[PDB]
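Enquirer: Quick one, what's the 3D model for this:
(4 chains)
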Amino acid sequence: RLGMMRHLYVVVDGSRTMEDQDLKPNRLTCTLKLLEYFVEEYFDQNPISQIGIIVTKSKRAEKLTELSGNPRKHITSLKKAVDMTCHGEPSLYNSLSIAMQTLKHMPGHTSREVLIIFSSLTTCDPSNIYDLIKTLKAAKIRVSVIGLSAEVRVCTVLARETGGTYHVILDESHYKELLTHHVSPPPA
Amino acid sequence: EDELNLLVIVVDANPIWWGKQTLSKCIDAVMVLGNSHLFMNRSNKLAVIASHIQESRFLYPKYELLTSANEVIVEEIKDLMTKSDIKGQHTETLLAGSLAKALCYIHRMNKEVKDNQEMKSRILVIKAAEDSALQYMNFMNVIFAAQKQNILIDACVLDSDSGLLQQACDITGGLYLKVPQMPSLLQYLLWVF
Amino acid sequence: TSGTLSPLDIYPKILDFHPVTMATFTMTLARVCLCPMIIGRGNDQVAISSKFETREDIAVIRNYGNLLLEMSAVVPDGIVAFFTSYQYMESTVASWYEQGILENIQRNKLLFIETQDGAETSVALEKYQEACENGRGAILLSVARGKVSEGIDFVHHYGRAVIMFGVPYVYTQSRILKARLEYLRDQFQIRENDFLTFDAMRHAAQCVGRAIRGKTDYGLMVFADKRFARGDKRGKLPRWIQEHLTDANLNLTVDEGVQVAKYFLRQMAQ
Amino acid sequence: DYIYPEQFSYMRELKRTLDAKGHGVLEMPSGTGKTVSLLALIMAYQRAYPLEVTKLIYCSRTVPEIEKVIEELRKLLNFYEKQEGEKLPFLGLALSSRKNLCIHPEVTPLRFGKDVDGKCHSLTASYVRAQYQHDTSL
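Expert: Numbering: from 1, shown residues only, chains lettered A, B, ... in the order given. Structure as follows:
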C-alpha cells in the first residue's frame, strides 16, 4: 500500500526470562523467528519505510541493526542474534532514549513508532521513566508493547500514554496475529 | 468447490509484445491455464480483460464455456492489434481502467452470489508495460479499493518495470513475480500463483 | 450484608433472631476465580504435622518456606503472602532483616510490620502497583489481621494471587473470652466451629475478597494448612454456592503451581 | 432516566424483604457494585410513606471506606434536585469522631484527665462565656 512512510524501532527483551521453554524451543527462539516473518511482511505492505533494531539484555541496551530501508539487514540481524541469546534484565529507558534520538530527526508527514516485545516485570534503569513518556507524546513517538503473560503497570501506562497498544500474547499463533496487526499502515 | 471462485485475468496488450516477438503464444498458454483452472472445480469462473494503451476492454465477460472463451479471446485480441499505440508509441497501459472494470465485475458477481453465500476472487495481471506518474492516482485508487475488498492482485511481469504493480501486490497481499525467461510463462501461471 | 453469606446460619446464630433472607445480585461464572490448597506432593513430605506449628522448625523450612519460594519464583506476578502472626512472617522470610541467620527464603519481597504509618503504607502500594514483584499487595508479607486488609481502591488489577501461609486462626484468652466459650457451649454445644474457626476464615475471606474485589475482575487465592478440609465444609470460605447454573468452583489438582499458570493463560485469552 | 437490569429484576423481592419492619439479611458481591446497588434498590422507597418519610444510615469501619461510599453516592445523586439530579433529590453527609475531625482541641488542654466529651463541654462553655461577656479574653 502507498501513501506515506514509516519509521519503526523494534525493541526485544533479551533478559534471562526470555530463555524459558513456555513459548516454543524457548521464547527467544520463537519471538526472533516470527519477528523475521513480520519484517518481510511489513516491508512488503510498506515498501517506502524504515526500521531499526535494539535489544535490552544484561541490564543494557544494544543496537542489533541501524535505521534503514532494506529488509535484508533486519532478517540477517534477527538470524545473528539467536546464537548469542538472552541473560540478565531489561534497560527500557536507555532503549527509548536511543530510539528517540533517531526518531526526532525524521520529517513531518512520516510516523514515529516503537514496537516492544516484553517478557520481564520492571527495568533496571535509574532515570525517571515518566519524564521520558511525557517527552515521547510531545515528540509524537508512539510506543506499543506485546507482553508475555504480563500486565505490570508502568509498561502498560507507557504504551497507552504514547498511543494505546498494550497487548498480551499467550501462544505462537497469537504472536503471529499481533505482529500481523502491526504490519497494517497508518491513515494519511 | 464449496466456494465460488472468480479469477480475473488482465492482459497487458501493449505493443511491448513486439519486443516479446510471441503474443500468439502467450494467448495459447493463457488459454491452457484457464482451461485447467476451470477444470479444477465446478465453482471456478474466469473473466478476461485487456489493458491496452488507449483503454481497457473486456475480452470475455464456467468451464463448459471454455470453447466459447477460446473463440472470444482470439477474436477480441486480433481486433486490438490496431496501429495506434504502436510499439513504444505509448509505453504505458491503462491498468487503472482494467482494474476498475475488474472490480465492477467482481462486485456484480458478488452481489448475485450474496443472495447465496460468499465468493472469493483474485485478480491476475500479466504486465508488459511501464508505469507513469500521471497513472499514480488512478491506479492506486483501484489498488486500494481491492485491498479494502480484500481482493489480492497478483502480477506476473514478463518485462518492463511497473513499480505500481509491485506495490499493488504488496498492499493487496498478492504475489508479484518478475519472470526471468518469459517463454516459461505457462509454468509461472500455473506454479507461481 | 458481607458480600458473600450463602450458608446463612451464623448471622441468625449471633442474632438470636431470624431475619428475612434474600440474595440480591446476579453473579458471574465460577471460572474467573480459582481457590487452591497446598500440603505436599509425595509420600516423604511428612513435615507439616502442625502439633506445634509455632515451634516446628523443620515444617517452617519445608513446604511452608520452600512452596512459597517455588510458587512465587514460578508464578512471577504481584502476589501478597498473608500470615497468621508477625513471628511466623519473620521466621518464614529471611529478608534483608533476619530474626536468625537460620531462616529459609531468599528472594526480593517487601515487609509490612507494626508502626505501619499511613504515609509509609502508600509508598509500598505505589511500589507494588508500578512494577516488579514487590510492594504492598505485591510480593510482600503481611499478617492477615493487619491494615493491608483495607486494600487500595485502584482501578488497575493491582493484585493477582494471595497465598495464605497458614490458614488465619485465632485463640481464646483464659478470662472473659473463656467465660463466653462456656456460655456458647451451654447454649449451642457446636460452639468451636462457629465461635472461632468460621470467624477466622471470614478474616481470611476479607483479605482474599479485597484482592479479587467483585464480578468485574478475576483472581486466585491459596491456603497452606494440614487441617484445611475442615475449612472447606460448611461453606465458611468464598468457594461456596451462589447460583446452581455456575458449573462449580472446584480446586482439586495434582499440582497447584501448574494449574494457576494454566489458569492465567486462560484469563489472558478471555 | 434509568437504572440497572439487575435492580429491576430484584426490586420487588427487595421491597418485600424490607416490608417485615424490623430486620433482614442481603447477599451481595465481594464488594464492587454492592453499596451503589443498595442506593439504587433504596431509590424504590425514597418516599414509601409521605406522611413520615424514613431515613437511611450507613455504618462503616474506617475513614478511607467512607470516601468510597460518598464518591459513589455523589455520582448516583449528581445533585439534591431535578435541576441537575435524576434518581434521588437526597442530601447526604459524612461523619466521624471529634477526636479525628478536630486537632487543635486535642492539643491545647493537655492533661491525662481530659475525655473527648469533656472537650466539647469546655469549648461550649468558652463560647457561652464569650457570648455572655468575655469575647475579648476567653
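Enquirer: count of neighbours near residue 22?
Expert: Let's take chain A. Each residue near residue A:22 was counted by other Cβ atoms under 10 Å in any protein chain shown, and the total is 15. Any C-beta I mention is one placed from the backbone N, CA and C, and that applies to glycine too.
Enquirer: Chain D, not that one
Expert: Close neighbours of residue D:22, defined as other Cβ under 10 Å, add up to 7.
Enquirer: residues contacting it?
Expert: By Cβ atoms under 8 Å, 6 or more residues apart in numbering or on different chains, the contact list for residue D:22 is empty.
Enquirer: hang on, it in a strand?
Expert: No: counting by DSSP: H, G, I helix; E, B strand; the rest coil, residue D:22 falls outside a strand, being coil.
Enquirer: contacting residues around whatever residue of chain B ends up closest to chain A?
Expert: When scored by Cβ to the nearest Cβ, chain B has residue B:171 as its residue closest to chain A, at 3.4 Å. By Cβ under 8 Å, 6+ apart, the residues touching residue B:171 are A:1-2, A:45, B:143-144, B:147.
Enquirer: Please tell me how far it sits from chain D.
Expert: As judged by Cβ to the nearest Cβ, to the nearest Å, residue B:171 and chain D stand 46 Å apart.
Enquirer: secondary structure element for that residue?
Expert: helix B:163-172 (DSSP states H and E).
Enquirer: Alpha carbons of that helix, as PDB, please.
Expert: Presented in PDB, the C-alpha positions along helix B:163-172 are these (Å, rounded to 0.1, in the frame of the first residue of the first chain):
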ATOM      1  CA  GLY B 163       6.600  -0.400  -9.800                       C
ATOM      2  CA  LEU B 164       3.000   0.400  -9.100                       C
ATOM      3  CA  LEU B 165       2.000  -3.200  -9.800                       C
ATOM      4  CA  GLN B 166       4.700  -4.400  -7.500                       C
ATOM      5  CA  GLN B 167       3.400  -2.100  -4.800                       C
ATOM      6  CA  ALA B 168      -0.100  -3.300  -5.700                       C
ATOM      7  CA  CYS B 169       0.700  -6.800  -4.800                       C
ATOM      8  CA  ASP B 170       2.400  -5.800  -1.600                       C
ATOM      9  CA  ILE B 171      -0.600  -3.700  -0.300                       C
ATOM     10  CA  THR B 172      -3.100  -6.300  -1.600                       C
END
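Enquirer: Report the buried residues of it.
Expert: Across helix B:163-172, burial judged by 16 or more other Cβ atoms under 10 Å in any protein chain shown covers B:164-172.
Enquirer: which element follows it toward the C-terminus?
Expert: strand B:176-178.
Enquirer: can you list contacts of whichever helix or strand comes after that following strand?
Expert: Downstream of strand B:176-178, the next assigned helix or strand under DSSP H and E is helix B:185-187. The contact list for helix B:185-187, computed with Cβ under 8 Å, 6+ apart, reads B:25-26, B:29-30, B:32-33, B:126, B:156, B:158, B:179.
Enquirer: Quick one: distance of the longest helix along chain D to the chain centre.
Expert: Ranked by residue count, the top helix of chain D under DSSP state H comes out as helix D:116-132. Relative to the centre of its chain, helix D:116-132 is centred 26 Å away, using Cα atoms, centre = their mean, to the nearest Å.
Enquirer: Need the residues that contact that helix.
Expert: D:97-99, D:105-106, D:109, D:138.
Enquirer: ok, now with 10 Å
Expert: The contact list for helix D:116-132, computed with Cβ atoms under 10 Å, 6 or more residues apart in numbering or on different chains, reads D:97-100, D:102, D:104-106, D:108-109, D:111, D:114-115, D:134-138.
Enquirer: Mark which of the residues you listed are buried, thanks.
Expert: residue D:105.
Enquirer: Keep only the contacts of helix D:116-132 that also lie close to chain C.
Expert: Applying Cβ under 10 Å from any Cβ of the partner chain to the contacts of helix D:116-132, one finds that nothing falls near chain C.
Enquirer: among the contacts of helix D:116-132, which are in strands?
Expert: Using DSSP state E, no member of the contacts of helix D:116-132 falls in strands.
Enquirer: Against which helices or strands is the top helix by length along chain B packed?
Expert: Counting by DSSP H, the longest helix found in chain B is helix B:95-115. Here helix B:95-115 touches strand B:4-12, strand B:44-51, strand B:56-60, strand B:119-127, helix B:135-149, strand B:153-157, helix B:163-172, going by 3 or more Cβ pairs under 10 Å, 6 or more residues apart in numbering or on different chains; DSSP states H and E.
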